[PDB]
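Protein chains in written order, with the working numbering: chain A, 294 to 405; chain B, 26 to 148; chain C, 2 to 195.
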Amino acid sequence: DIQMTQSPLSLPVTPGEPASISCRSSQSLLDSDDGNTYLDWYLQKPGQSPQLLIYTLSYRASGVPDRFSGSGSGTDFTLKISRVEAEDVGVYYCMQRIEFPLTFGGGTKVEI
Amino acid sequence: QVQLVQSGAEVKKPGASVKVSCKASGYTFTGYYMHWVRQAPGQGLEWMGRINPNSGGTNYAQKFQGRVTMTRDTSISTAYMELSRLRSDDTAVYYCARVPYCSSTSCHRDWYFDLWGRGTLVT
Amino acid sequence: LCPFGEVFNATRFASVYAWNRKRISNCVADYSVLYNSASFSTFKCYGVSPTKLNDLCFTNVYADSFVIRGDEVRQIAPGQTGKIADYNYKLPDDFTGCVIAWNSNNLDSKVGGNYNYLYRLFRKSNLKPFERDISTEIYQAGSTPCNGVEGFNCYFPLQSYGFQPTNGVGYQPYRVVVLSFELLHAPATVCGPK
Ligand SMILES: *[C@@H]1O[C@H](CO)[C@@H](O[C@@H]2O[C@H](CO)[C@@H](O)[C@H](O)[C@H]2NC(C)=O)[C@H](O)[C@H]1NC(C)=O
Numbered sequence: 294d295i296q297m298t299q300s301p302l303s304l305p306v307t308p309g310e311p312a313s314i315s316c317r318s319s320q321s322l323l324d325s326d327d328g329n330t331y332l333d334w335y336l337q338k339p340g341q342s343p344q345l346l347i348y349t350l351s352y353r354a355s356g357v358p359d360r361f362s363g364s365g366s367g368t369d370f371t372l373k374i375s376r377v378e379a380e381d382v383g384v385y386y387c388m389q390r391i392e393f394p395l396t397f398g399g400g401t402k403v404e405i
Numbered sequence: 026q027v028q029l030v031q032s033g034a035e036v037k038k039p040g041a042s043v044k045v046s047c048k049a050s051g052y053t054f055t056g057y058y059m060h061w062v063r064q065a066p067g068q069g070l071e072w073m074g075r076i077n078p079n080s081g082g083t084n085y086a087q088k089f090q091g092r093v094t095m096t097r098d099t100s101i102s103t104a105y106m107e108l109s110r111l112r113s114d115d116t117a118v119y120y121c122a123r124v125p126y127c128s129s130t131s132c133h134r135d136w137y138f139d140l141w142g143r144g145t146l147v148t
Numbered sequence: 002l003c004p005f006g007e008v009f010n011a012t013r014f015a016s017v018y019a020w021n022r023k024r025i026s027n028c029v030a031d032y033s034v035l036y037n038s039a040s041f042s043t044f045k046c047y048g049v050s051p052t053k054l055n056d057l058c059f060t061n062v063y064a065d066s067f068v069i070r071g072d073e074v075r076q077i078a079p080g081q082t083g084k085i086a087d088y089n090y091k092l093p094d095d096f097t098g099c100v101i102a103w104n105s106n107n108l109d110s111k112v113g114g115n116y117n118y119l120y121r122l123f124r125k126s127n128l129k130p131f132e133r134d135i136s137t138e139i140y141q142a143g144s145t146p147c148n149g150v151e152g153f154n155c156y157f158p159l160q161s162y163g164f165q166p167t168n169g170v171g172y173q174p175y176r177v178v179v180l181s182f183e184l185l186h187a188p189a190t191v192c193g194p195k
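Written out as structure tokens, the structure reads:
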């Protein structure tokens, strides 16, 4: 059972400036067999179902605008929004998929 | 028109059971694992379990084991999740998510939630 | 005389991982209705001649029927490799027979997607020639054994075909029948008009 602790729990942002969200894991999410880190970043808008933004810690999902990016290593992971737009307000969740009790982080709320 | 249709809101007394249906439209049902993730009001997303349409084998979390039963119907392409012994803490929005079955030689690197349903509210 | 009606225009075909085998003996097969049927997508023949199929007499003829995806029809041939040529149905290196495949988009296709056809995509080792595997045991990938529980590094070895009417020609279902010839010490029994 891996528990994800997400740093900013309230990220007030102003458009045009980059925003960084930190996520930390109890156990390293890197797998030595394939060299892939299994962390996925999801965004939930008010009243809407969560959407996929980042998968495999480096890849953007289909239909995701270029303004998003994700990086990190070991247990420390960061989602970076270089240009925050008006529609980035929501709740961001980091999910691990190495052991099966798939666990989603507490979530970070980004509002203007 | 590629979508996942869920059952309507259900009101259930404590100690009863609730059945939630997720029906696929616009894509092959048996090419995706079907996961169930619930969101309680004021809490984060909680993962309940997953079902493989091909085999019917299901993997549940330890917390929900012994209460949640997940079944599949390929003739109508619908996955059903039934939760028994309902409490006051099960009042939540339940989403059904799809996961690519195998998109590589590892079948472990494509397991993201690329599609989510609109959710069903259970009280 | 022998029934090429239970093998070709039958009701429901079997999946590739469980391919239906029918032995035929003591027959006079008229192959003018097969070679010149004008309804078959592929009629390949190795080790034997389609113009001389009625010449050589054999002891037994095995007809193996299954349904595979369109782009995988080429994999049913001697000395082939692929997802279906080494884990589902293989042909021997020294093969003397015929492979007959025709499109079945008007029969084995449904609006919601026919899910009654399966293929196997995992195996610990390749298949020896003419071997049928039905076991649904969970395939082992990682070093940690899993005792009948699916999960990371432990998968179900069968998948279903997403057959739909709107699919392309290459992804449409194709019915494939393989006729193999056996000629052993027992007297030859099957061959067409003299
Ligand atoms: C399998 O059975 C079908 C239906 O009886 C056959 O279809 C007919 O075949 C004849 C010639 O054999 C054609 O003249 C007809 O037009 C076909 N349709 C119908 C409705 O009769 C089919 O030929 C059989 N398959 C064979 C003989 O290989």
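From the three backbone atoms N, C-alpha and C, an ideal C-beta is built for every residue, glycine too.
**Asked** Rounded to a whole number of angstroms, what is the C-alpha to C-alpha distance between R97/B and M59/B?
**Response** Your numbering for residue 97/B matches position 72 in the second sequence. Your numbering for residue 59/B matches position 34 in the second sequence. Taken atom to atom, the span from the alpha-carbon of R97/B to that of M59/B is near 9 Å.
**Item:** Bounding residues of the beta strand (DSSP E) (the contiguous stretch that carries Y36/C)
**Value:** Locating residue 36/C in the third sequence gives position 35, counting from the first residue. It is not in any beta strand (DSSP E) - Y36/C instead sits in the alpha helix (DSSP H) that spans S33 to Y36.
**Message:** Which residue wins for smallest C-alpha separation from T401/A, given the options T368/A, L346/A and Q337/A?
**Reply:** What you label residue 401/A is simply residue 108 of the first sequence in a count that begins at 1. The residue among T368/A, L346/A and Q337/A with its C-alpha nearest the C-alpha of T401/A is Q337/A.
**Item:** Any heavy atom of ligand 1 within less than 5 Å of residue CB: hits in chain order
**Value:** With 5 Å as the limit, the residues whose C-beta approaches a heavy atom of ligand 1 more closely than that are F9/C and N10/C, in chain order.
**chain A within 8 Å of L146/B, Cβ atoms only** = Your numbering for residue 146/B matches position 121 in the second sequence. Interface flag for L146/B against chain A is unset, since no Cβ pair is found closer than 8 Å.
**Asked** Any beta-carbon of chain A closer than 8 Å to the one on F89/B?
**Response** The sequence position of residue 89/B within the second sequence is 64, counting from 1. Judged by the 8 Å Cβ criterion, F89/B is not in contact with chain A.
**Request:** Answer yes or no: does any C-beta atom of chain C fall closer than 8 Å to that of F397/A?
**Result:** Taking the first sequence and counting its residues from 1, the one referred to as residue 397/A is at position 104. No, no contact with chain C.
**Request:** Throw me the rounded Cβ distance for the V49/C and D109/C pair, which I believe falls under 8 Å.
**Result:** Position 48 of the third sequence, counting from 1, holds the residue named residue 49/C. Position 108 of the third sequence, counting from 1, holds the residue named residue 109/C. Going by Cβ atoms, the distance from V49/C to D109/C rounds to 29 Å, so no, they are not a contact pair.
**Request:** Using a Cβ-Cβ cut-off of 8 Å, state whether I295/A counts as contacting chain C.
**Result:** Translated into the one-based positions of the first sequence, residue 295/A becomes position 2. Answer no: the Cβ-Cβ gap between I295/A and chain C never drops below 8 Å.
**Request:** Look at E378/A and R360/A and say whether their C-beta atoms are less than 8 Å apart.
**Result:** Against the first sequence, residue 378/A aligns to sequence position 85. Against the first sequence, residue 360/A aligns to sequence position 67. In contact: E378/A and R360/A (Cβ atoms closer than 8 Å).
**Request:** Can you pull the chain A residues whose beta carbon is under 8 Å from the beta carbon of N84/B, in chain order?
**Result:** For this step, residue 84/B is matched to residue 59 along the second sequence. Ordered by position in chain A, the residues that pass the 8 Å Cβ test against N84/B are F393.
**Prompt:** Across which residues does DSSP place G74/B in a beta bridge pair?
**Reply:** As a position in the second sequence, residue 74/B is number 49, starting the count at 1. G74/B pairs with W61/B and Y85/B.
**Prompt:** Are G163/C and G56/B closer than 8 Å when you measure CB to CB?
**Reply:** Counted from its first residue, the third sequence places residue 163/C at position 162. Counted from its first residue, the second sequence places residue 56/B at position 31. Yes, the pair counts as a contact, with Cβ atoms nearer than the cut-off.
**Residues of its chain near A86/C, where Cβ-Cβ distance is below 6 Å and the 5 sequence neighbours each way are ignored** = Residue 86/C sits at position 85 when you count from the first residue of the third sequence. For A86/C, same chain residues with a beta-carbon under 6 Å away, outside a window of 5 residues either side, are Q76 in chain order.
**Request:** Assess, as a yes-or-no matter, whether the stretch 28–45 of chain B is touched by the stretch 142–152 of chain C under the definition of 3 or more beta carbon pairs within less than 8 Å.
**Result:** Touching, no, given that fewer than three Cβ pairs across the two stretches are closer than 8 Å.
**Message:** Let me see if you follow: with CB-CB separation under 8 Å, is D139/B close to chain A or not?
**Reply:** As a first step, residue 139/B must be located in the second sequence, where it is residue number 114. Interface residue, yes.
**Prompt:** Of all the residues that make up the stretch 314–345 of chain A, which are near chain B by a beta-carbon distance shorter than 9 Å?
**Reply:** Those residues of the stretch 314–345 of chain A that come within reach of chain B (Cβ to Cβ, closer than 9 Å) are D324, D326, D327, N329, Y331, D333, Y335, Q337, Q341, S342, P343, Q344 and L345.
**Message:** Check this for me: beta carbons of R124/C and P158/C, under 8 Å apart or not?
**Reply:** One-based indexing of the third sequence puts residue 124/C at position 123. One-based indexing of the third sequence puts residue 158/C at position 157. Cβ atoms of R124/C and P158/C: closer than 8 Å.
**Prompt:** Name the chain C residues whose beta carbon is nearer than 8 Å to that of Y126/B?
**Reply:** What you label residue 126/B is simply residue 101 of the second sequence in a count that begins at 1. Result: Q160.
**Request:** Return the chain-ordered list of same chain residues with a C-beta closer than 6 Å to the C-beta of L2/C, the five sequence neighbours on each side being excluded.
**Result:** Counting from one through the third sequence, the residue named residue 2/C turns up at place 1. Shown here for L2/C: same chain residues with a beta carbon closer than 6 Å to its own, the five before and five after excluded, namely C28 and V29 in chain order.
**Any chain B beta carbon closer than 8 Å to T298/A** = Mapped onto the first sequence, residue 298/A falls at position 5. At least 8 Å separates the CB of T298/A from every CB of chain B.
**Asked** Should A104/B be labelled buried (16 or more other beta-carbon atoms within 10 Å of its own) or exposed?
**Response** Residue 104/B sits at position 79 when you count from the first residue of the second sequence. So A104/B ends up on the buried side.
**Span separating the alpha-carbon of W136/B from that of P78/B** = The sequence position of residue 136/B within the second sequence is 111, counting from 1. The sequence position of residue 78/B within the second sequence is 53, counting from 1. Taken atom to atom, the span from the alpha-carbon of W136/B to that of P78/B is near 15 Å.
**Prompt:** Just curious, the beta strand (DSSP E) that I314/A is in, first and last residue?
**Reply:** On the first sequence, residue 314/A is found 21 positions in, with the first residue counted as 1. Its beta strand (DSSP E) spans residues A312 to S318.
**Prompt:** Taking Cβ-Cβ distances shorter than 7 Å, what residues in chain B pair up with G400/A?
**Reply:** The residue given as residue 400/A occupies position 107 in the first sequence. Chain B residues near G400/A: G69.
**Asked** At which residue ranges does the stretch 3–84 of chain C contain complete alpha helix (DSSP H) runs of 4 or more residues, listed in the order of the chain?
**Response** For the stretch 3–84 of chain C, whole alpha helix (DSSP H) runs of length 4 or above, ordered along the chain, are 33–36.
**Asked** So which residues on chain B does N154/C lean against when the C-beta distance must stay under 8 Å?
**Response** Translated into the one-based positions of the third sequence, residue 154/C becomes position 153. Near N154/C (Cβ distances below 8 Å), the residues of chain B are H133.
**Given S181/C as reference, the closest of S38/C, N89/C and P93/C once Cα atoms are compared** = Walking along the third sequence from the start, residue 181/C turns up at place 180. Ranking the options by Cα distance to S181/C, first place goes to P93/C.
**Prompt:** Is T298/A helix, strand or coil when you go by DSSP?
**Reply:** Residue 298/A sits at position 5 when you count from the first residue of the first sequence. If DSSP states are grouped into helix, strand and coil, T298/A belongs with the strands.
**Prompt:** Which residues of chain B have a Cβ atom closer than 9 Å to the Cβ of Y116/C, listed in chain order?
**Reply:** Here residue 116/C is taken as the residue at index 115 of the third sequence, counted from 1. Chain B residues near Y116/C: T53, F54, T55, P78, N79, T99, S100 and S102.
**Prompt:** Terminal residues of the continuous beta strand (DSSP E) containing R121/C?
**Reply:** Along the third sequence, read from residue 1 onward, the residue named residue 121/C stands at position 120. It spans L119 to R121 - the beta strand (DSSP E) in which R121/C sits, taken as one unbroken run.
**Prompt:** Among residues of its own chain, excluding the 5 on either side of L140/B, which ones have a beta-carbon nearer than 7 Å to its beta-carbon?
**Reply:** Along the second sequence, read from residue 1 onward, the residue named residue 140/B stands at position 115. If you ignore the 5 residues before and after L140/B, its C-beta comes within less than 7 Å of the C-beta of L29, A122 and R123, all in its own chain and listed in chain order.
**Prompt:** Rounded to the nearest angstrom, how far is the Cβ of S375/A from that of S362/A, given a contact under 8 Å?
**Reply:** Position 82 of the first sequence, counted from the start, is the residue given in the question as residue 375/A. Position 69 of the first sequence, counted from the start, is the residue given in the question as residue 362/A. About 7 Å; that satisfies the 8 Å criterion.
**Prompt:** Nearest CA to the CA of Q173/C: which residue from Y90/C, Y32/C and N104/C?
**Reply:** As a first step, residue 173/C is located in the third sequence; it is residue number 172 there, counting from the start. Comparing alpha carbon positions, the residue from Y90/C, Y32/C and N104/C closest to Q173/C is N104/C.
**Prompt:** Below 8 Å between beta carbons: does that hold for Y175/C and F96/C?
**Reply:** In the third sequence, the residue the question calls residue 175/C occupies position 174. In the third sequence, the residue the question calls residue 96/C occupies position 95. Annotated as distal: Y175/C and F96/C, with beta-carbon spacing of 8 Å or more.
**Contact check, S321/A vs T371/A, beta carbons under 8 Å** = Here the question's residue 321/A lines up with position 28 in the first sequence. Here the question's residue 371/A lines up with position 78 in the first sequence. Going by C-beta atoms, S321/A is not nearer than 8 Å to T371/A.
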